[PDB]
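# Chains, contacts and geometry: an overview
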Amino acid sequence: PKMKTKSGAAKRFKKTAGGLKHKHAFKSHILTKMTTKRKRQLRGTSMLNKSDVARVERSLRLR
Amino acid sequence: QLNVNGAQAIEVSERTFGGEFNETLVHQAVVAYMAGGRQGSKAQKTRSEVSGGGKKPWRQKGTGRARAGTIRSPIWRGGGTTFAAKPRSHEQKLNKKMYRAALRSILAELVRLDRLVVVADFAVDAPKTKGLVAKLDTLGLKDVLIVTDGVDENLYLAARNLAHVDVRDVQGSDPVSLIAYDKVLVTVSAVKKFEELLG
Amino acid sequence: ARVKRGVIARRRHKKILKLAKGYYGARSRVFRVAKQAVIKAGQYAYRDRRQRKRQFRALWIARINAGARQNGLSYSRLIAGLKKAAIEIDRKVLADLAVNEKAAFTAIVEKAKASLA
Amino acid sequence: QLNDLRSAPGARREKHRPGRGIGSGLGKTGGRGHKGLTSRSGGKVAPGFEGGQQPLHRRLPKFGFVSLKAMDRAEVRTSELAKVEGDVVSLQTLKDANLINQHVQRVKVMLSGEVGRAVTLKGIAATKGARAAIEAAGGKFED
RNA sequence: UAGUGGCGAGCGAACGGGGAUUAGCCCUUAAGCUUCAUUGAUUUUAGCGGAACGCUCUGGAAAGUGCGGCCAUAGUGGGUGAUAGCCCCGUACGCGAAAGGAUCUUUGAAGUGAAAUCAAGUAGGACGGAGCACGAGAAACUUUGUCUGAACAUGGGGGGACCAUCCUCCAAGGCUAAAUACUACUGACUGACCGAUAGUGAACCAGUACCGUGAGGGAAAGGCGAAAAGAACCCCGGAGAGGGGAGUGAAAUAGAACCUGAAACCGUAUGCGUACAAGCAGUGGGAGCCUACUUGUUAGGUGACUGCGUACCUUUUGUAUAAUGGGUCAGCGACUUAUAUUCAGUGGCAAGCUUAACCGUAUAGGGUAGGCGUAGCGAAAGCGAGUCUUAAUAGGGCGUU
RNA sequence: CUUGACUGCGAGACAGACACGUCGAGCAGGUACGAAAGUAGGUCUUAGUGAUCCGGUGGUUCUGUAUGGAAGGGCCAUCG
C-alpha cells in the first residue's frame, strides 16, 4: 500500500461486477414537496455512468 | 540423443534439450542477469546538498541583473545537478519459470550449434593449471565453460588462473556464461542435474 | 555516464559556419547570426527555384516579342499563329533562334503569318 | 552469441524524450501545451476536483456499513474440492492446500463446476445445488 | 482494510500469518554485569619468502610486429622511454612477533544488580489536558495538573460505553544477551561513479585569499619532457625585458605563462570587387577578372550589373514591428527517480499464476505467508447461478457457457 | 357522493456534460364515483425552490468488537 484511496469516495461508491454503485441525491430532509413518484425513483442504488467513471476510480485509487 | 565422448549416447529429454529457441526470452534473461550484477554506487548532489547557498545573491529588483535565489542553483556553475543520482538498484524480476525456460532454449542451441560437449566424467588429479591445459588439449578445447555436478577443489584451483576457462556447477551456471564461452563442457551428471532442474 | 557535449556542438557549429561563408561580417563568423543567414538563404533558394522558372519564361517571351516585331508580328499574334498551325515549339528554343538562328526564326514567323493569325 | 541476440519487434520502445529540438515532435513544451496549471512543475489537478462545484464524492450520500462478520468469511467452489488431499474437505484441510486463507473460519461451498471426487465436508456449509452435486458424485456431509 | 476526519485535505490500525533472534532469573537475595588474579586459545599492531622469455622488424625508446618457448593454488594489478603472466614492485600460496592491545574461554575473589519482605496516597473516580490511527465522540485502555480515594485470592483488572455470565491474567519492586539503529573515525575491496566549469567548497599551502563589527559568507588556480638532458658559447639590447643563432632532445611552433591548442576577437600577405550609389545584406540570373590545371559543355576565389526580398525568438486575434529577450564566443544549464497503480505492446506459465521478508557454498535453488483469478447479488444477515427490492412464483436492477 | 393529493413498481421516450429534471401505457394490491363502457397515481400547462455532511423523530429482517442484551452503526420513512 503506497496509494491512498479517498475515504469519502469509498463511502459513496461501492464496486460490484456491474460497475460502481451509488445512491441518489435529494432523498433527504425535504420530502413533502416531492411526489411519491420522485421519492420512489431515487430510492434504489444506481450505477455510475461513463462520464463519471474515470474521475471516480481515479479518486478511488484504481486508475 | 546427446553424444558422449565415452562412446555412448545418453538419451536426453526433448524438453530440456532440443526445444525451440525463444530469442526474446533469452534476451530478457541476459539483460536481467547483466542488470542484477550492477551495483548502483553513485550519487551527485542536488541544490540542497551542495554546500552553502542560503542567501539570495542579490535583491530582486533594482540590480538590473537576472533573478537568482541562491548561489547553488543548478543553472550556476557552483550549483547542484538537477536530477542528481542517488544509489539505486537495477536488479529486476525474472520469473522462476521464465528463467528455467530461457535455460532450456540455450541448452537446445548449445546442442544444435555443436557447441555443447558431453563427457562421461571430467576430473583432474592435481591442482595444476598445466594438467588441466593438457586435459583440455586432448579434447581440442580452448575457451570452454566446464559444468560439473559439483566443483572439486582440484578442478577449482586449476582453471581459476586459466585465461579462457571457467569451472561452474549446474546451479551456478547462468545464461551469460553459457552463451559467452565458445564451447560448453558438461559431464553426464551435469546432464542429469539439468534434467532434474529444468524439466 | 556523464557525457560532455563540447565535441559535437563544435562540429554542428562548423557545419553551419561553413554553409555561411562568403557573407558579410557576423553573418559569416558568429553562430547566432550565421544560423539565421543560412536558414534565410535556404528559404530564398526554395522560393527562387520557382522564380527561376518564372523569370526565364519572361525573358524568352520578351525576346520572342522583339524578334517577331522585326518581322511585322506581335508576340501574341505569333503564338496564336503557331497554334493555327501546329508547332509544339517552346519559348526557350524560339528565343534561342531569335538571337542565334535568325533565318530559321524568320521561317517560323512566316509559317505563322501563313496561317494568317 | 551475446553479439547476436535482441528481443521481439515491439517488445522494447525508444522512450521518446520531450524538449530535445523542434524537429522531434516534443520541442519547447514537451506535450504540455501553453500557459495554465497543467503545464507547470507540479501542475496537477487533484483527484475528484471538478473545478469548484460539488464533486461526486461529496454530493451523493454515504450508504452503509462493512460487516466485521465477513472478514473471516470464505467461499470455496466445487471445482476446488478435488484439490484437497485425503478424501475430506475440512477447514484446516482447505488451509493445507492454498484454497483458502489462514484466519478464515466460515466456508460455504457453492456450485461452480464438477466436484470430481467423493469428498466428505465436515463443518462446512454448502448451497442447495452444491450439496446436490457433492452428494450426487459420491460425497457425504457431516459436522 | 477497519476505523478516524470542517466524515473535507487527510491520517491510519489490529486479529491472524511468514520470518530474523532465543534465556529468563529474583525481592528467604538470582541470573547477569563489572573489576582483579589466573587457564589455555584466537586475532591485531612489522615483516619474510614468493614461479616462469629469448631471437627478430620498425622505432628516440619495445611491452608492440614475425617466430619459438616457459610458468600458473600466481593471466585482464601498478610502472618500466609505446600495449609485459615470465623487467621491477607485487599477486595466488605458505611462514612470522621481545613487546603491547582486543575478543572468547576456564576458576576463584571482591563488588554490584539490590529496591527489602510481593508493593496505598496506589487502583478507581470528578474536573482540565495529553496519548492511543481514534478532532471527547456511544468512548474503552493508558498518563496526570487540581481535588479525592479502595478491596485484600470465597481479592483485584482486562476482554472498545455499560451490565450479567464465562474466559484470561496478578498492577502499584526490580534486573536482563541476540536479532535493531548509526558511522565523524580506521582497513581492505568494488563501481555501465566524476575526471578540473565535473567530483568535496577545496586534486594546487582551502574553510585559505577575500568580504563582513561579528555571527557568518566564501573563491580562483592541475598537465614541459621518458629523463632537466631546464638551453655552454656568440650577437642586438639598459651587466634589461625580449629576441636571432648555436647546442640538448625523437620533437623546442615541447623553452619553463611550457601536452593538445578550438571559437569569439586582433593582425600581415596575395587575389578579386569597392569613391553617381539608397534598406534584414541574401537568393535566382549574370558579364568580367584572377589562380590551379590542362584547356572545357571544368574546379576554386571575387561578384560589376540585375529580378525577388522588412532577422530570430517569445507572446498573441495579430508583430518588420516603435512589444519582450539576446554584445559575442566557448563550456555548463531544464520531464528525473522511488514506490504504488492503470492501459498498450511483448514474453513465461495457464484454471490457475505469483512469491514478500527470509534461508541460501548467494543473480541458482528454497520459502506460496500473502496478493490477484476461478461467482455474483445485497447496506447487511445471508443466499448463491443466482440475488436484491417486493405482499408477489409479477415487473425491474445487477449477474451467469 | 367521495379520497386515486393511493402502495409496489414500471415498457418506453423527452431532455440532458454530470448531479438533477419531464412525461408515461401497462401489471399487482386495494379503493372513489358511475347502471355500465370507463375516469381517477392531484390541480388547464409551464414558477412556488436547496445538494452533501451533521444532528432529531418513528419503524426494521440487518449488524451488534468473548457470549446473551444494550450502546452505537446500517437500511426504510420523515424534520430542522
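Judging from the entry metadata, cryo-EM is the method by which this structure was determined, and 2.82 Å is the reported resolution.

## Side note on the nonpolar core
Judged by nonpolar contacts, the single largest core of 32 residues is most densely connected at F17, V186 and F194 of chain B. Contributing elements (two or more residues each) for this core: α1 (23-36), α2 (96-103), α3 (107-112), β1 (116-119), β2 (144-148), α6 (175-180), β4 (183-187) and α7 (188-198) of chain B. It is α1 of chain B that contributes the most residues to this core, five residues altogether. Not counting chain neighbours up to four residues away, the residues in contact with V186 of chain B comprise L116, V117, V118, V119, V147 and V191 of chain B. In this structure, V89, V104, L121 and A130 of chain D belong to the second largest nonpolar core, which totals 19 residues.

## So, a nonpolar patch on the surface
All names here are of chain B. Judged by side-chain polarity, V151, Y156 and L157 come together as a nonpolar surface patch covering roughly 230 Å² of accessible area. Residue position: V151 is located in the loop between β2 and α5 (153-157). Residue classification places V151 among the partly exposed positions, given a relative accessible area of 33%.

## Here's the deal with the interface of chain D and chain B
Listed as interface residues are eight residues of chain D and, on the opposing side, ten residues of chain B. The largest per-residue losses of area from chain D upon contact with chain B belong to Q1, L2 and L5 of chain D, which jointly make up 59% of the total buried on that side. Linking chain D with chain B are one salt bridge. When the shortest N-O distance is used, the salt bridge between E23 of chain B and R6 of chain D registers 3.5 Å. Its residues placed into classes, the side of chain D that touches chain B shows three nonpolar, two polar and three charged.

About the cut-offs
By convention in this text, residue numbers begin from 1 on each chain and track the written sequence, not necessarily the entry numbering, and residues missing coordinates are not displayed. Ligands are numbered from 1 and chains lettered from A, in the order in which they are written. Taken together, the chains in view make up part of a larger assembly, and the values describe this part alone. Each side-chain value is worked out from all heavy atoms of the structure, with water and hydrogens disregarded. Residues with missing side-chain atoms are left out of burial classes, side-chain pairs and their counts. Here, nonpolar core refers to any group of buried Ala, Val, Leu, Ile, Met, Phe, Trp, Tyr and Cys residues whose side-chain atoms link them within 4.5 Å. Using a 1.4 Å probe on the protein chains alone, a residue whose accessible area is under 20% of its type maximum counts as buried, one over 50% counts as exposed, and one in between counts as partly exposed. Runs of H or I in DSSP of at least four residues are treated as helices and runs of E of at least two as strands, each being numbered from the N terminus. Residue contacts are counted whenever heavy atoms from the two residues lie within 4.5 Å of one another. Surface patches are defined over residues having more than 30% relative accessible area and no salt bridge, joining like charges when they lie within 9 Å and nonpolar side chains (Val, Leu, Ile, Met, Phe, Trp, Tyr) when within 5 Å. All accessible areas in this document rest on Shrake-Rupley with a 1.4 Å probe, and a residue is counted as covered only by the protein chains that are shown. Salt bridges are defined by distance alone: a side-chain nitrogen of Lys or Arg within 4 Å of a carboxyl oxygen of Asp or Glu. By definition, the buried area sums, over both parts, the 1.4 Å-probe accessible area that each loses when the two are put together. In this classification, the charged set is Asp, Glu, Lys and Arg, the nonpolar set is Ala, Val, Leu, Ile, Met, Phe, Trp, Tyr, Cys and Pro, and all remaining amino acids, among them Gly, are polar.

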